[PDB]
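Here's the structure we're looking at; comments come further down.
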Protein chains: 4
Amino acid sequence: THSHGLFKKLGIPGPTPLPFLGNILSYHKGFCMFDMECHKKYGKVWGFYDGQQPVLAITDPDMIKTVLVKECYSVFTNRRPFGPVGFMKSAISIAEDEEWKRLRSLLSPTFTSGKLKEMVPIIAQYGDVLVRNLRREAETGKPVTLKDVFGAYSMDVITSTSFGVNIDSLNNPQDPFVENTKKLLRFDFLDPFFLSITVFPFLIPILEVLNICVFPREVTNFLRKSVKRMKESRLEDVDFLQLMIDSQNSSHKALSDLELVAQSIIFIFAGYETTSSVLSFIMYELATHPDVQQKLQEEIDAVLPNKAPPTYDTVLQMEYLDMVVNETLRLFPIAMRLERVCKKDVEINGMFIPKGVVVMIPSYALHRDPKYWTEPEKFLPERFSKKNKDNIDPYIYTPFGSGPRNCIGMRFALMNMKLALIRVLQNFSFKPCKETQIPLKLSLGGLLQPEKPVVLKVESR
Amino acid sequence: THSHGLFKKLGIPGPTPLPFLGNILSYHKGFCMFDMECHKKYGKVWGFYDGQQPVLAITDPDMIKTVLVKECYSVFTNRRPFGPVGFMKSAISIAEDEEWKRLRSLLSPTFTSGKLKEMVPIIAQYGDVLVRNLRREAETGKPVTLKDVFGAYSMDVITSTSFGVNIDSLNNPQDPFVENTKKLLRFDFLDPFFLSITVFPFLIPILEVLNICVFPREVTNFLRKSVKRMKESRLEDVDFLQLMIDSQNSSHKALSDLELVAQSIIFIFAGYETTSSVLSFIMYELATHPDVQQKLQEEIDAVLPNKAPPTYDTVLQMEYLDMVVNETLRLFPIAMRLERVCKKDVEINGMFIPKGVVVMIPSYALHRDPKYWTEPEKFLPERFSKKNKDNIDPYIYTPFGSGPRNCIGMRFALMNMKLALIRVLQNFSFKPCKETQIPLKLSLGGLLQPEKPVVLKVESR
Amino acid sequence: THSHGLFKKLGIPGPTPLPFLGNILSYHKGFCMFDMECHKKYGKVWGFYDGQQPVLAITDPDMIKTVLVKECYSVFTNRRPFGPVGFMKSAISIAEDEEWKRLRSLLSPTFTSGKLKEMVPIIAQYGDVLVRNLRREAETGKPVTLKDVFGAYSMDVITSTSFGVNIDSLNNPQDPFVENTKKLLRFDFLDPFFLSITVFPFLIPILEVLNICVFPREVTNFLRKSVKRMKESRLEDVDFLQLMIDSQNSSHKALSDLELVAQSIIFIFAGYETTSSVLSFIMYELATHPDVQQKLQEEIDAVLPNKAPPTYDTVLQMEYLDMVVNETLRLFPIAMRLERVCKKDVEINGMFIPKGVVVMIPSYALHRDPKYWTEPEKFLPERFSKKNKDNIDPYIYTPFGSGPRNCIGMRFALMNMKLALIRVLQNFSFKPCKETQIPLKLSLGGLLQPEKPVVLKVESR
Amino acid sequence: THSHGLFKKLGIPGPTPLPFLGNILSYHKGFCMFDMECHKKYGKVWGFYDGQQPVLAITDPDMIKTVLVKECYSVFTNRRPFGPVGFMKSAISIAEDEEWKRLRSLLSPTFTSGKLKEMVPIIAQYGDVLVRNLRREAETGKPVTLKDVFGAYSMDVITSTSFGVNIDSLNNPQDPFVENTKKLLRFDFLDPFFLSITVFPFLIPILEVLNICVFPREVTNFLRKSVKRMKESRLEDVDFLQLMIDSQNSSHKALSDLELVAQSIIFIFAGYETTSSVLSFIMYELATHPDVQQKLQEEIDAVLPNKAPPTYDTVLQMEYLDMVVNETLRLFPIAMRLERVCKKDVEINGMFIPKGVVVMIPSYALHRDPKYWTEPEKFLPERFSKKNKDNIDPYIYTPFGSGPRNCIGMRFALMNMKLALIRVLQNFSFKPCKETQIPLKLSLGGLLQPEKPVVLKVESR
Ligand code: HEM
Ligand code: HEM
Ligand code: HEM
Ligand code: HEM
Ligand SMILES: CC(C)N[C@@H](CSCCNC(=O)OC(C)(C)C)C(=O)NCc1cccnc1
């Protein structure tokens, strides 16, 4: 009813869809569990329906590369719509085709290594802020909740690198600026609202015409004016805003004032919970594998003796650091899937893909596939040693996606976390508590996030 | 298209409706302006369409009494639906027919004079809090914004009379409890969202099935658990909650746990912005009529010499106080209209009213009708002197409605404000500022509220 | 999601509902099969969900009588809404509460035995027409399709008893009047359109505002003017129209012109396919039980020798006729279920029934319950002999419902069929063909109708 | 609300839009009147809103050519969506981009002059049928209704040229095949249904998921099987079907079975009412200008003496015929407007056109613009004399559109009408009646069609 006949025709296997719901009832255990099970039951490819919407999973690295890289421009340029977005229609991660291509161009030079290297001293300052607060909770032997302290850090780093605003959000939890921003939390695509959207995507236009937006009308309205104040306070009298302001001082067609705001917002949304979540997954791994934590602290003390301040260059110097981070991202690729809409009838690597189908790469499951990874469930940073790193297919390991539409904030994200990890590990050790969920259970929900929030003992070195 | 033919048939006059919109474009100057104009152009009765929905305005006191009192139970029992309400369907002001009749019964004894007289010492304590904060801004000769300081007061009084929670919300603007509650602001029925609802009332069910609610899912979810904590902290170990808890210790059928929560919420919503708004309109009048302010302070010093603490009995003693308050409510009846749905074909005072029509009383306009009020625009408390008070028809002056479905918090509202006014006027005088909007312009929007927020000098007596 | 918790709470058993769909996937084998299975699996009562909509099945005769008779006015007055109906909102079978009560009053005297006895000679004339056409197909030994020849008859009888229009619809299949009317076919509540309505009842208002109607806008528009012609051709210069016209020559409030049209339409819809279907089920039984057919012809020849024309009085004289008809209706009660909406919280025969629930009586299943009927599947007219007829509970056998809201055209329906059967059986015998589906399979769909259309040999006596 | 700000920004003039409705209330006098008025009030370009949807009218021949010809492929490839179309999504006139380009390719060779020249003897046979029936009404001096007799002809020609089915639809008005087909009438885009679609285009997806289709589910379902019978009766044992069947005996990708059906349907819909309407407008002109009618009959008798049967070659021989036809099409271009959706930000002839805008050419108004046409309202075939025909801009006179997406059935349409006109005028003269609407008033509605149906005396030569 009525496109539920598609994959049966094409010869592609898959779970049988119920009328209207398609296969969504199978998300009761989460995106990730659904995806592993399918991959095991059905093989290298399979199909399922999010409501009426046909989704084609693929697991062949060649075929993955064709979608994400080769035929990105021609065919697989956009992601799937997901709900009423109002003006956030112009955010880069949401935009489509030529508007996207334009925005990606105007915004790429913002994420170069040159710009990033300038942003280092800023991101650093809040490392120290992170430490002082951590210590206050280490001196009072009270088990620490990672996401909050990391949240406050991620928040602190975002505010400063995007707008110049400098706040201790942990101690200023109630700053109007800190407030709005913390409501920019990841979207739970299996919460009642979005599941309804899936069964009733014909309801999205209805919601749009009522100016209802999955980005709360208020947080947005606060930042719009906030920016249009900053914009007009800097003008005239180092951050993403500035870089964007300088850019509309001319693809092409510049950057409109409202366009600029939407990017500003999408970066917060992109960097905030992600940076904080990943830092938590890492700290958890580091606490449940005390040797890894020790090795890392020794690597750090070697590169930066006397607890020397980390620098851009010293960060990229640290290899085990890079290993620890990568392996965590294998275990917890917070995007879970990559997706592209098929805009044309095509044939890639011998398979016909009809227009309109959503093509999906199941990153979580691929990251834990036995056929590529020895002891996949196990946390083993050595997989990423300069020795073994060559035996890792870049289209099986894709925490940041691949191709022209991969994570634009990748370099920034990695640099951010690593700066945090270094300054923190220079100072503290992190130990499980009786109350620490071991082994960490993943949310049965729609985000990659722990079933129970990570809590750990923190002692001063 | 298609019921736009109704009033033409019945012989009832009114503005010509555009297809789909009915007459709503005529709200560009606001509910109140629309209503005065119609009353003048069309007479004692008229009709118009909120979208497809037929609305019948009436201005005859007999006919008003039949609707609000005589035929309340039989015919005119409910108000008009207005949007997706989810579980707030059970709030008393929203409920219908027998469920309403039941809730009104379970909740009436809560608002008796006996209960109210017990609540006095509590409401008082925050009078003093109001004073201390006011003084801090009087000692620093900085023009004061009424709604905030009154808001904080209204908020303080609500929290304490409904849940026991005691907070200085002005100095604790960032208490989690103070936060959620301040988002319970009056609904702007001419904002884009609600106007859309009017043209598309067929969209309300759609929104309901998506669990979208005009009461933010979060504020509600916070209070639901907050109550279910309090409930289980008091149980077992003077406020509305308690009174409601004691009541479900048995109309009939008790009060369900979720029912109780919805009342709790609706009271905040009812009392919060209203109490604060009305106090602001009064203080404004008192500043732009310095003699009234002086007379009032003299009345107060006579009843409570040496600035004696006000009491339940001393409050009802004060007649000019009561006059000042009533006249303000004439000028600014914050409900603006009263409404009832016609549930049956009926004939009242010689007029046929078909099923489904919304019957509306235009209180604002009636409060300013020349044919009942000499110099209606003028602020003249003497209209309400025990001498003249008899010449005022109770179905022309209806700040609190009338009948079985009138404002349940009337006595409480009046007592609250008066306690505030007394303690404040015992201590301060209130003087216009250069920046004070004189004469106050009303919002062209959908709430009765000043175009520009009231700001006034405050000096210590 | 979200009322799917209802019956679990109340202690009422039933199939587990899927999110959104409720239990509708269980209609794949049809209303009737679903109902028998439930009754067997769950007992005397059970619950299920048509989408979100709670349905409570009941099988206790006392409890059935309370719903259909005792508390009809107070509680169980209306049927469930089913789709966009536009002006057909005023048809009696669709109307609600007091409007219904009014229409039932204005239209009841139309269906008295006195009026019916006047309509006899008319319904007769088309008996003879039925015979002549039948003979043309008996003389050409060509197997006859019952529903068509009966259809043409039912159609002929409707046209004449409701509007005076006299046509041989079988030989005039292409008369504009015959055309429109044949499109008034029973609604398939398990066809894609209505199932969608069930999952999305929030879409009915949307469809209404687009003037989309399950009664085709054209058939209706043709009859509206047709009537308003007839009305004004008779006025001024014996049928339902006339009876209705005389009635608005004055409950109360008369009958509006549009109200009259809607009744006219609903009668066609009620009588057309029903009369024709039932006549087919009977003729089928009579052919697969040749003795019953013989006995019946002998009863008929006894009462009306020399093939005397049947009369009102001679029809009610015939007992085996009445037996044959009743038993057929037991086996094929074309309504399948009876339903009432619960308009109030009530308790009937010891069970609480909350407001809003649909209360359903599963007539088909009850008609085939072992615990009341020996060899239920078997066609045995003797069950209805004046001897055994007393052992049949009127709230288990309900082909026409019961109570104030039972089939208004019952007497007419029975009289119509019997007149047909008599004139036909006076003349022909009816014999199975090689192509006759034996045993008749019921539609797995939403109407009570044969899987394969009944076809039988017809020979001249 | 919310795109109603577009043209104000761009500097493009136009009527002020009401909230939600845009400018649609201005269609009360019809598309054509609205368009002339705008062109006069606002100049060479202007804008208006069909609901939220921005429409840009243009009248410069260069700019028109860029849209219809130059940038057809790149930018202006599709027409505007208009409603729920279900499987008719695949009809060529409805399809988009590459699917359209494909269908246009597969179907073009069907409309060559070679194929058309083969179809001539067929279209002829029904000329004679047209004559015989006409004569029956000429011999009984009873004023004739053109559209019916022409309708029957158009219908007869369609059936035969597309499926081989040969019927006298005028005398067989009640052939099942003739029936379904006559319900394929032009869509009234100002009827209640489509206007609603315009204010609520967000309702189209809702309607689609309910399988509701502006092409009646039944007519379509009858033709689908009809074709799939014919298909399998011809296979195996000269018309469009055959030409299409031979084509899927292989752009590319052939023609699916369902694709073929949708074309079949769209041709009926395209040719039926159009051919019949245009023939009526011409016959009307010919009756209200008796000299033109005489000249034409003399031209015809010169080319085909003794009433010789017309042939493909003799038809193209006749110049005044071609003149008469063209001028009629100037006066009544039954498409009224041409439209293309702007799929990209572009700049054509110095004007920026943003993505999403509908670009509209107002053919009716252009055909009656004083600045190109002397006495535009007057019917003057000499405008099209081989002398003056050169002074006519092909992008001002566009009865069939222009460019890659122009009327594919143009040659066929012209040939059809002319064959009809010749055979008819060889035999009859056509004279106004007392009841003939002179001067013909156009429908204030949404189709180009006479306010009152054309009726004329017909006498035998
Ligand atoms: C640990 C942190 C992060 C991870 C693991 C991550 C991962 C990803 C992934 C998997 C995608 C989808 C890529 C694809 O479709 O191939 C993505 C897209 C994107 N990410 Fe990140 N991300 C992170 C942090 C950030 C940060 C800090 C930013 C800050 C600017 C950012 C901005 C974006 C944007 C703008 C896109 C959409 C790119 C486009 O459509 O052109 N992300 N990210
Ligand atoms: C200055 C303050 C207030 C004013 C001027 C005011 C006025 C009104 C008015 C005009 C109505 C509609 C009455 C009708 O339809 O006839 C109403 C209803 C209502 N009000 Fe108030 N109100 C005030 C404060 C409050 C407060 C403090 C409460 C606290 C409990 C409250 C609770 C309610 C409730 C529960 C209803 C609906 C009554 C029902 O439907 O049974 N109001 N109010
Ligand atoms: C063999 C023929 C028929 C059968 C078995 C039948 C059965 C029924 C049944 C079971 C109901 C529902 C009763 C209930 O809810 O308790 C009903 C309602 C109704 N029937 Fe019939 N029916 C037949 C023929 C007719 C005819 C010929 C008419 C012509 C007037 C008619 C008019 C109606 C009307 C108007 C209602 C709704 C009554 C109300 O709501 O007041 N039916 N019928
Ligand atoms: C007097 C008769 C006719 C007139 C005045 C007429 C006019 C038109 C016009 C103005 C268009 C729009 C062209 C554009 O957008 O530029 C059109 C499109 C079309 N017409 Fe006709 N037409 C007529 C008869 C027919 C007939 C007989 C057919 C039979 C096949 C036909 C098939 C089509 C098709 C298939 C399209 C869409 C073309 C495409 O999108 O590729 N029309 N017609
Ligand atoms: C649709 C938009 C609104 N959602 C995402 C799209 S980008 C990928 C992350 N989300 C994801 O899992 O979505 C799918 C399943 C890949 C389609 C967004 O705006 N992300 C900013 C961001 C988040 C996290 C890491 N980096 C950047």
Side-chain angles (χ1 to χ4, degrees), chain B residues 6-7 10-12 14 35 38-39 42-48 53-81 92-109 111-112 251 329-330 333 335-367 369 371-372 389-411, chain C residues 73-74 97-99 101-102 251-253 343-344:
Chain B
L6 190 50
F7 297 121
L10 297 163
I12 293 143
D35 286 356
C38 277
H39 180 23
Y42 298 117
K44 70 184 181 297
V45 291
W46 66 94
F48 61 92
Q53 168 62 238
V55 185
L56 179 55
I58 58 176
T59 61
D60 191 89
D62 288 321
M63 195 173 298
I64 297 195
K65 181 191 182 180
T66 303
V67 178
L68 299 182
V69 175
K70 293 178 187 201
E71 300 303 305
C72 168
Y73 293 124
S74 53
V75 184
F76 306 101
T77 307
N78 315 310
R79 295 188 180 94
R80 81 162 95 209
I92 178 173
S93 67
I94 294 156
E96 285 182 7
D97 301 323
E98 294 307 307
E99 185 185 2
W100 163 75
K101 209 132 64 174
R102 185 172 152 273
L103 295 174
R104 185 90 191 199
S105 267
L106 297 158
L107 286 183
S108 64
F111 296 86
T112 68
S251 324
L329 278 174
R330 187 188 54 87
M336 296 178 283
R337 323 170 139 168
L338 311 169
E339 305 190 343
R340 301 292 186 265
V341 176
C342 184
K343 73 175 59 178
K344 303 292 194 172
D345 280 1
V346 279
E347 187 178 329
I348 64 178
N349 297 87
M351 185 181 318
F352 170 65
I353 311 192
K355 183 176 185 171
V357 170
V358 172
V359 175
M360 186 278 276
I361 305 108
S363 298
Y364 175 95
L366 286 195
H367 287 189
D369 190 350
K371 310 205 167 190
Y372 289 105
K389 65 162 49 198
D390 314 325
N391 289 337
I392 297 170
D393 197 316
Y395 302 101
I396 305 314
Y397 181 66
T398 60
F400 297 105
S402 222
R405 196 130 195 204
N406 74 342
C407 179
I408 206 171
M410 184 180 58
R411 293 171 146 281
Chain C
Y73 293 124
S74 53
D97 301 323
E98 294 307 307
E99 185 185 2
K101 209 132 64 174
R102 185 172 152 273
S251 324
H252 303 281
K253 318 302 170 200
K343 73 175 59 178
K344 303 292 194 172

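Below, chain A is the first sequence line, B the second, and so on; all start at residue 1. The basis for the numbers below is simple: all heavy atoms, side chains too, and nothing from hydrogens, waters or symmetry mates.
Every side chain to side chain contact (heavy atoms under 4.5 Å, CB included) that B:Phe111 has, sequence neighbours left out, goes to B:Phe240, B:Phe267, B:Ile408. The side chain to side chain donor-acceptor pair (under 3.5 Å) search around B:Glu96 returns none, not counting sequence neighbours. Residues satisfying the ring pair (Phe, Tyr, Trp, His ring centres under 6.0 Å) test with B:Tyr395, not counting sequence neighbours, are none. Scanning for ring pair (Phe, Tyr, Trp, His ring centres under 6.0 Å) contacts around B:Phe48 gives B:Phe34, with sequence neighbours left out. Qualifying side chain to side chain contact (heavy atoms under 4.5 Å, CB included) partners for C:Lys253, counting only residues two or more places apart in sequence or in other chains: C:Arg102. Partners of B:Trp46 according to the ring pair (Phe, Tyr, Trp, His ring centres under 6.0 Å) rule, which considers only residues two or more places apart in sequence or in another chain, are B:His39. Residues satisfying the ring pair (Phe, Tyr, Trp, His ring centres under 6.0 Å) test with B:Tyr364, not counting sequence neighbours, are none. B:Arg79 meets the side chain to side chain contact (heavy atoms under 4.5 Å, CB included) test with B:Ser93, B:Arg340, B:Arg405; sequence neighbours excluded. Checked against side chain to side chain donor-acceptor pair (under 3.5 Å), C:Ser251 has the following partners two or more places apart in sequence or in another chain: C:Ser105. Considering only residues two or more places apart in sequence or on other chains, B:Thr77 meets the side chain to side chain donor-acceptor pair (under 3.5 Å) condition with B:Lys343. In this structure B:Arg104 satisfies the side chain to side chain donor-acceptor pair (under 3.5 Å) test together with B:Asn406, sequence neighbours excluded.
At least one donor-acceptor pair closer than 3.5 Å links the side chain of B:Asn78 to the backbone N or O of B:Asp97.
Atom NZ of C:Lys101 has more than 12 neighbouring heavy atoms from other residues, nucleotides or ligands inside a 6.0 Å radius.
Considering every non-hydrogen atom in both B:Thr59 and B:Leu366, the closest pair reads CG2-CD2, 3.9 Å. Nearest heavy-atom pair, B:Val69 versus B:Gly403, reported as atom, atom and distance to 0.1 Å: CG2-CA, 3.7 Å. Of all heavy-atom pairs spanning B:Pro399 and B:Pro333, the tightest one is CA-CB, 4.5 Å.
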Would you mind writing out the side-chain donor-acceptor pairs for residues 344-352 of chain B within the sub-3.5 Å range, not counting sequence neighbours?
from     : atom 1 : to       : atom 2 : distance (Å)
B:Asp345 : OD1    : B:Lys355 : N      : 2.9
B:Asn349 : OD1    : B:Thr66  : OG1    : 2.9

Test side-chain contact (heavy atoms from CB on, under 4.5 Å) on B:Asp35 and B:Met336 and set out the steps. CA-CA 10 Å; B:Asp35 286 356; B:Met336 296 178 283; over 6 Å; no
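Contact annotation: the side chain of B:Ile353 never approaches that of B:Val75 to less than 4.5 Å [non-hydrogen atoms, C-beta and beyond].
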